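Geometric and topological summary
Here is how the chains run, residue by residue.
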Amino acid sequence: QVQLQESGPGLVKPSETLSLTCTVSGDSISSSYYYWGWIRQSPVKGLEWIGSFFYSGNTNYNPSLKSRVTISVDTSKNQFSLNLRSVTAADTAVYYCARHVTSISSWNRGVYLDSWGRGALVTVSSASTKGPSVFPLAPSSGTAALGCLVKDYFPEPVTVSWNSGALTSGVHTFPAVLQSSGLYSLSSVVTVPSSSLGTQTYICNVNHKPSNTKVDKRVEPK
Amino acid sequence: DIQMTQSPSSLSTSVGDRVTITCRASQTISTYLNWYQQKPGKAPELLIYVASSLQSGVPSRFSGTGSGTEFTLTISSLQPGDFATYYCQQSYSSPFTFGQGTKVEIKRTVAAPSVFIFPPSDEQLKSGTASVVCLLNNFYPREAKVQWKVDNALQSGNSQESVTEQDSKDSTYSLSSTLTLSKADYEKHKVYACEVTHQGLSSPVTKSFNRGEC
């Protein structure tokens, strides 16, 4: 029914202010039965409600963050925003914007979260952004495996596609691993018919938006 | 304020089986209890709101019951695409709080992994590092053992692995194991071998290459 999309920096230095914006498509920000708020998720704390902005203009923040949180709306641009001040590593998480729907008219209780953004990962760290190096995983001489090694980037995430998205069947893009260097690394592999090696071209497209890195890498049998 | 506890914390069941998830609230929350499903890499999606109302577009095998402190989410016939973590959330008192989640895993027949090994590329070697990657593709169950041997000397501490989440269509896992050496250390040995042990394999499977050969 409605589509939400977070935007904002993926890397914030400790003690500075994290800022995210949700853009809403498909209906207006203003309403008399739904409103807007934010959720975050991390591996050890799980899901955590941050706060909301009622359609009457009233804000409601989680007491564990309340001193540091501000939520605002922009009905002209159909957006609403999150500011989280004086962040630390404890604020690294995936941040979701979510539509709050009242089940009883004018009532703050019984609300449910209709639609969520895709999630914006924010890493709080003093380290600098680094784009990845992309190396081929060459297929070996019925079914062959090839891939791309996406190595030494910061911060998360990278996205990998194959042949500009025309190849999806048999693709496995592994979860990134944090190396002892503090940099991330992952592999994306795909299984293909051995007959297609030599007739079919295989390109992996790696995108790392924190560093503005876009790399296309052609993967050949040797 | 109000704490939510789910049970079980994790379960593994076959396709077509009934799944029962229980959520308990630390105080009475009437029917103000929502259920969410989160699949890998995706945001949570609303399944059931106010304890029992099915969200538009959610298949009818999902249903919710309960009031007061005890709530239940039921899946009448588990499907491969239903692999997810399921969350309850009380909406009675601010701040809204979520349960810790129940991870639902699909139990399928055993499937042995297909093993591939990849040498480092010359582009990476010239930059001074060697990454050797071992791929285990499309296996079940998730438990697997990968051992690196370099000129028959077992390696330790110089590899990291990564496992995909369960595939939404065939319910298998894939795993990568990456061995990392400096170029100097890489050029000191010839045979690089990845040795895989898995319930689907009658005996361990080894894939290897000789450095500098093709």
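The paragraphs below set out a description of the structure included in this document.

**Considerations on the state of the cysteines**
Residues and elements named next belong to chain A.
- In total, this model carries four disulfides over all chains according to the counting rule given.
- With its sulfur 2.0 Å from that of its partner, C148 forms a disulfide with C204. Measuring the twist about the S-S bond at about -95°, one finds the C148-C204 disulfide to be left-handed. Highlighted residues: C148 in strand β13 (residues 143-153) and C204 in strand β18 (residues 203-208), separated in sequence by 56 residues. For the residue pair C148 and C204, the accessibility class agrees, reading buried in each case.
- For chain B, the bonded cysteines pair up as 1-2, 3-4 when numbered in the order they occur along the sequence.

**Observations concerning the interface of chain B and chain A**
- Each partner contributes residues to the interface: chain B has 41 residues there, and chain A has 44 residues.
- Ranking the residues of chain B by area buried against chain A places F96(B), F98(B) and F118(B) at the top, with a combined share of 17%.
- Inspection of the region where chain B meets chain A yields zero salt bridges.
- Across the contact surface, chain B and chain A share 14 residue pairs in polar contact.
- When residues of the side of chain B that touches chain A are assigned to their parent elements, the largest contribution, six residues, is made by strand β13 (residues 129-139) of chain B.
- Of the residues assigned to the side of chain B that touches chain A, the class counts are 18 nonpolar, 18 polar and five charged.

**Remarks on the nonpolar core**
- Counting 48 residues, the largest nonpolar core has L18(A), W38(A), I39(A), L82(A), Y95(A) and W116(A) as its most contacted members.
- Setting aside its immediate chain neighbours within four residues, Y95(A) contacts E6(A), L18(A), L20(A), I39(A), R40(A), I50(A), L82(A), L84(A), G119(A), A120(A) and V122(A).
- Counting residues in each nonpolar core, the second largest holds 25 residues, with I2(B), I21(B), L78(B) and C88(B) among its members.

**Focus on the sheet that holds strand β14 (residues 159-162) of chain A**
All names here are of chain A.
- In spatial order, the strands read β14-β18-β19; together these three strands make up an open sheet with antiparallel pairing. The two strands at the open ends of the sheet, each matched to only one other strand, are β14 and β19 (213-218). Between one strand and the next, the sheet's axes are offset by a mean angle of 15°, whatever the strand orientation.
- Alignment of β18 against β19, held across six bridges, turns out to be antiparallel. Within β19, the residue paired with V206 across the bridge is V215.

Thresholds, definitions, all that
Residues numbered from 1 in each chain as written, not as in the entry; some residues may be left out. Chains lettered and ligands numbered in written order. Heavy atoms only, no water. Disulfide = S-S within 2.5 Å. Helix = DSSP H or I, 4+ residues; strand = E, 2+ residues; numbered from the N terminus. Buried < 20%, exposed > 50% of the residue type's maximum accessible area, 1.4 Å probe, protein only. Contact = heavy atoms within 4.5 Å. Buried area = accessible area lost by both parts, 1.4 Å probe. Salt bridge = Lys/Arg side-chain N within 4 Å of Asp/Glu carboxyl O. Polar contact = N/O pair within 3.5 Å; in protein donor to acceptor, adjacent residues only side chain to side chain. Nonpolar A, V, L, I, M, F, W, Y, C, P; charged D, E, K, R; others polar. Core = buried A, V, L, I, M, F, W, Y, C linked by side-chain atoms within 4.5 Å. Pairing = 2+ DSSP bridges. Axes fitted to C-alpha atoms, helices over the stretch in contact; angles between N-to-C directions.

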